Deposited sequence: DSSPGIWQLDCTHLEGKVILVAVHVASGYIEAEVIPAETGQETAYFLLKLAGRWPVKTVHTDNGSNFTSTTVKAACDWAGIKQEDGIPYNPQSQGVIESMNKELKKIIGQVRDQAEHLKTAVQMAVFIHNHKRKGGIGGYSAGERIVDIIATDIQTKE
């Protein structure tokens, strides 16, 4: 689908909250542990995302952190179309948790283990030895020239 389309969700592990943005066309992920699923935390994560990739549209789970006017304000500022409650990706949250289990014993804190897992996911060749990683795919899809 469009190069500018992201899906945002949340997943919970060890009592902490991980916000995950998936670039729908490529399966590339961005993720971070945050203190809680608040408006101010969600808006900050989105503003960081939109400053790093060209984000036109976000699909959300319509959680209350999304309905907040702080999130709406960020999205307006960044020119992002927020599509709440609009639905390979339900087992993205599952995929990321698995990878986190494989590195968890190399890091003292969960937040570091999440970043390791993001690194592994985005570098992973899919479709066997002849294939491409989510990382290669997102840049091929969004490059304008």
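Chemist: Counting from 1 along the deposited sequence, give me every gap where there's no C-alpha, start to finish.
Modeler: According to the deposited record, C-alpha coordinates are absent for 1, 89 to 95, 154 to 158, which together make up the missing parts.
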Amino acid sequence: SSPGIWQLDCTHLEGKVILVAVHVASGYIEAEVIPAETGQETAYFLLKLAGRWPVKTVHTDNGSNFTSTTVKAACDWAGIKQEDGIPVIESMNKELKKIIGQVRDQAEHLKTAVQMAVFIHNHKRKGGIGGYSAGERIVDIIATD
From here on, numbers count along this sequence of modelled residues.
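Chemist: Does the comparison with other entries of this protein show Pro35 left unmodelled in at least a third of them?
Modeler: In all of the other entries, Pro35 has coordinates.
Chemist: Relative to the other PDB entries of this protein in the set, is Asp84 coordinate-less in at least a third?
Modeler: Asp84: unmodelled in at least a third of the other compared entries.
Chemist: Taking the mean of the C-alpha B-factors per stretch from the entry, tell me the winner out of 111 to 119 and 65 to 73.
Modeler: Mean B over CA atoms: larger for 65 to 73.
Chemist: Per the entry, where is the mean C-alpha temperature factor higher: 97 to 105 or 54 to 62?
Modeler: Higher of the two, by average CA B-factor, is 97 to 105.
Chemist: Per the coordinate record, which of the options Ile80, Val33, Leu46, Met92 holds the highest CA temperature factor?
Modeler: Most elevated C-alpha B-factor of the set, per the entry: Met92.
Chemist: Out of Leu19, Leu13, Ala134, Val22, which one has a C-alpha B factor higher than all the others in the entry?
Modeler: Highest C-alpha B-factor among the listed options: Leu13.
Chemist: Considering every modelled residue of the chain and its Cα B-factor in the PDB entry, is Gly27 in the lowest, middle or highest third?
Modeler: Lowest third, going by the recorded CA B-factors of the chain.
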